[PDB]
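# Secondary and tertiary structure notes
Residue strings, one per chain:
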Amino acid sequence: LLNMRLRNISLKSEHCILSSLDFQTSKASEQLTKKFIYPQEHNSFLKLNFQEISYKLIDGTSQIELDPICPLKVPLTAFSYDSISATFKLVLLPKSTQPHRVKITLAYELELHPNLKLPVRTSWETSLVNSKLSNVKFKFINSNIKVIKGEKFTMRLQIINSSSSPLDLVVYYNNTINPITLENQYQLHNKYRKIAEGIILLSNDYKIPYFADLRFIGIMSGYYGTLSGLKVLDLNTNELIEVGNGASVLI
Amino acid sequence: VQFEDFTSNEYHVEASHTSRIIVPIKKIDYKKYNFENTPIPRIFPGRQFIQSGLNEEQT
Amino acid sequence: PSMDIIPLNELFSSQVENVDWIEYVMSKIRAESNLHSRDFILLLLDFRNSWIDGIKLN
């Protein structure tokens with residue numbers, strides 16, 4: 001009851017799990033000792049944090065937070081350090097320790113020493129594109145990695161089949177503006193114009209019969225997230241499924 | 001195609017075709033060499049059916 | 001056996017100026033200093049070979 005602490009954990013699925021604890025000043029405790037401090041002629045507190053440490057709770061383990069920290073002391077404030085976890089596959093809720101050491105202060109003496117440790121479980125918990133018919137999974141072998149400079153480049157759509165008639169389908173890009181609150185008309189028009197006119201796909205109806213190369217050229221700039229347009233089409237009626245994947249800044 | 005000193009030109013096989021690359025080689029002199037020794041096996045463990053079913057001239 | 005036509009918007013840069021059409025449009029726009037782009041549209045022909053050897057295709 002001097003410094004309220006909370007830990008927030010965010011699940012970055014393309015990397016490690018990120019969890020950050022957060023100290024604060026706990027105002028419902030500050031006016032308490034503010035009353036006696038301004039009784040003794042002091043305006044704000046001088047609590048000194050001298051040893052702050054998060055340890056990985058286990059039989060025994062410890063971690064290290066993902067940037068640098070000094071030995072600090074603040075009056076009415078909040079601080080928050082971040083430490084990276086390891087992104088679990090399924091069903092193992094890890095736990096942490098989070099010890100701390102607040103050192104209070106008085107007139108060059110009477111440093112009433114305090115310490116605190118709140119151990120709890122660090123599990124807040126709130127690119128394969130499947131075919132959705134017969135598990136013909138597609139993945140780009142270098143997705144989201146392309147700094148092109150309006151030059152040619154090549155990608156790799158590694159199709160993974162049932163190995164049962166593995167020669168079936170054809171890619172294409174569809175350079176055509178799709179035909180679609182008036183600025184909601186205009187934002188959709190600018191999105192559909194920059195999609196259907198910015199890159200070209202130099203191997204158009206490539207008719208793949210399990211890698212591909214798919215050379216593009218890319219004649220306008222801007223971050224093309226999710227790279228729409230690049231559809232495939234297969235032996236059945238309409239397997240017009242997307243890739244929905246891969247991105248390229250072009251500057 | 002690289003031989004021990006012969007290096008060929010740059011051909012072009014397109015999709016399913018054959019292209020006969022012609023390589024020179026000299027003959028191999030019989031009196032300078034020996035060609036009547038048994039080719040060795042890798043192992044020295046197994047008996048390998050040591051009664052080998054072969055004659056002289058077939059070997 | 002298809003056809004498509006696509007406009008042009010980026011002026012481009014000198015270090016990539018080695019493929020034929022961008023050095024053509026840049027070289028054409030070194031003079032005539034009123035046009036920059038949006039007037040040099042770009043048509044996409046797609047040659048297909050129904051034969052049994054390579055061809056060189058100017």
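## Let's talk about the overall build of chain A
When helices and strands are counted, chain A shows two helices and 17 strands. For 251 residues, the compact-globule estimate of 2.2 N^0.38 gives 18 Å, and the C-alpha radius of gyration of chain A, at 28 Å, exceeds that figure by more than 25%. Across its three principal directions, the C-alpha atoms of chain A cover 80 × 50 × 35 Å.

## Quick notes on the overall build of chain C
When helices and strands are tallied, chain C shows one helix and two strands. Counted from the first residue to the last, chain C has its helices and strands arranged as β-α-β. Here the C-alpha atoms of chain C give a radius of gyration of 15 Å, more than 25% beyond the 10 Å that 2.2 N^0.38 yields for 58 residues. Once the C-alpha set of chain C is aligned to its principal axes, its extents read approximately 45 × 25 × 15 Å. Of all 58 residues assigned to chain C, the portion counted as buried reaches 16%. A separation of at least 24 residues holds for 66% of the contacts in chain C among residues at least 6 apart in sequence. When the accessible surface of chain C is split by element, carbon and sulfur atoms take 57% of a total near 4800 Å². Side chains of chain C give 5 positive and 9 negative charges; the mean places of these two sets differ by 2 Å.

## Description of the interface of chain A and chain C
Counting from both sides, the interface comprises twelve residues of chain A and, opposite them, twelve residues of chain C. Its residues assigned to classes, the side of chain A that touches chain C comprises five nonpolar, four polar and three charged.

## Some remarks on unusual backbone geometry
For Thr 226 of chain A, which is not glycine, the phi torsion reads 65° and is therefore positive. Its location among the elements puts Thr 226 of chain A in the loop between α2 (182-195) and β16 (231-233). The backbone of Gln 48 of chain B shows a phi angle near 65°, a positive value even though the residue is not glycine.

## Concerning the sheet that holds strand β3 (residues 48-49) of chain A
Residue and element names in this part refer to chain A. Sheet architecture is open: three strands sit in the order β5-β3-β9, paired in antiparallel fashion. The sheet terminates laterally at β5 (72-73) and β9 (102-103), the two strands that pair on one side only. By the bridge criterion, two bridges tie β3 to β5 in an arrangement that is antiparallel. In the strand pairing of β5, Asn 49 is matched with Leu 72.

## Some words on the pattern of salt bridges
The closest approach of N and O atoms between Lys 31 of chain B and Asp 29 of chain B, which form a salt bridge, is 2.6 Å. Note that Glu 17 of chain C is salt-bridged to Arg 30 of chain C, the shortest N-O span being 2.4 Å. In this pair, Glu 17 of chain C sits in the loop between β1 (3-6) and α1 (20-28) while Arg 30 of chain C sits in the loop between α1 and β2 (42-45), placing the two residues 13 residues apart along the sequence.

## Points about the sheet that holds strand β2 (residues 18-22) of chain A
Strands belonging to one sheet form pairs held by backbone hydrogen bonds; the direction of such a pair is parallel or antiparallel. Residues and elements named next belong to chain A. An order of β1-β2-β6 is seen for the three strands of this open sheet, with the pairing classed as antiparallel. Strands at the two margins of the open sheet, each flanked by one partner only, are β1 (6-10) and β6 (82-84). Neighbour-to-neighbour, the strand axes of this sheet turn through a mean angle of 20°, independent of strand direction. Note that β2 and β6 share three bridges and pair antiparallel. Bridge assignment links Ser 19 to a residue of β6, and that residue is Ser 83.

## Some thoughts on the arrangement of the chains
Here the protein chains form two pairs of chains in contact, of which the pair with the most contacts is chains A and C. Separating chain A from chain B is a minimum C-alpha gap of 14 Å, and the two share no contact.

## Here's the deal with the pairing of β2 of chain A
Pairing of β1 of chain A with β2 of chain A involves five bridges; the strand directions are antiparallel. Within β2 of chain A, the position partnered with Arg 7 of chain A by the bridge is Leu 21 of chain A.

Criteria and cut-off values
Residues numbered from 1 in each chain as written, not as in the entry; some residues may be left out. Chains lettered and ligands numbered in written order. Part of a larger assembly, values for the part shown. Heavy atoms only, no water. Residues with missing side-chain atoms left out of burial classes, pairs and counts. Helix = DSSP H or I, 4+ residues; strand = E, 2+ residues; numbered from the N terminus. Rg over C-alpha atoms; globule rule 2.2 N^0.38 Å. Buried < 20%, exposed > 50% of the residue type's maximum accessible area, 1.4 Å probe, protein only. Contact = heavy atoms within 4.5 Å. Areas by Shrake-Rupley, 256 points an atom, 1.4 Å probe, with all protein chains shown as cover. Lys, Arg positive; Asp, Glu negative; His and termini not counted. Charge placed at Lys NZ, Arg CZ, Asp CG, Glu CD. Nonpolar A, V, L, I, M, F, W, Y, C, P; charged D, E, K, R; others polar. Pairing = 2+ DSSP bridges. Salt bridge = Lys/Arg side-chain N within 4 Å of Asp/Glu carboxyl O. Axes fitted to C-alpha atoms, helices over the stretch in contact; angles between N-to-C directions.

Everything listed here is a matter of geometry and, on its own, says nothing about what the molecule does.
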